[PDB]
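First, one chain by itself in structure tokens, the form deposited in one PDB entry.
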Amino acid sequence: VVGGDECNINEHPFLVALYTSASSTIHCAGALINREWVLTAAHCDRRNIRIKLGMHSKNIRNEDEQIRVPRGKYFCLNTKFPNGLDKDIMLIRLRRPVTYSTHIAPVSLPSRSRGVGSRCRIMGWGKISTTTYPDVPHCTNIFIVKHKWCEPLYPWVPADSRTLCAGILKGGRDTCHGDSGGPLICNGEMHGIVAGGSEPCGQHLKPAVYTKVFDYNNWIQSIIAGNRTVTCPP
């Protein structure tokens, strides 16, 4: 995240970090939905995913920090692109649940749709400057802007994409490499999943793309309930 500062240690209990059994590098983030489910971006998937919960600094572990592996991973199977990037979302079921604590808590799904003008907060362990990754997650506030700003830049995100375009038109604040899969928080609810932006991040007139969670609420709840034939919103 560029244009922000280290997050308050207690403000991101739902934030999880994703890495692999082969690399300790945080390639993406995710959000805890309940005691055994994490919501993230589909492109964040990897063969041997490892999830860190309750973490702030990568070098000073919180008392309640936990590590988990998936017992199940679920995707949208009715996508426009074969690589599935038009519906960049995935559910990960933890092999073993976690218990809530100061640094581990669930984030609520959106109770209603929110759009242009909404002030939201982004967070992650992604780049904070040219080739610079922090040891602690960074946070900053951005705005959901007219979806038209994104459509041209990412011609694979059409006008009807179930996505939110967000950032600061003047530039300076944006999600970056390593932040994908993280939550976009608006009014205390997770309204988006970081999907991707332009490189370098934070450029003038180049907001980023966030998967619009609200549209996937029913799919998410059905999957968590155990349904395995439910499809993602068309």
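All residue numbers are counted from 1 along the displayed sequence.
What follows is about the form solved in complex with a partner chain, which we do not show.
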Inset, instruction - Go through 66-74, 53-61, 30-38, 173-181 and give me the stretch that gets within 4.5 Å of the partner chain in the deposited complex, heavy atoms only. - result: 173-181
Inset, instruction - Taking 4.5 Å between heavy atoms as the contact cutoff, choose which of 154, 149, 143, 100 touches the partner chain in the deposited complex. - result: 154
Inset, instruction - Identify, from the list 105, 109, 139, 85, the residue with a heavy atom within 4.5 Å of the partner chain in the deposited complex. - result: 85
Legend entry - Residue contact check: residue 197 to the partner chain in the deposited complex, 4.5 Å heavy atom: yes
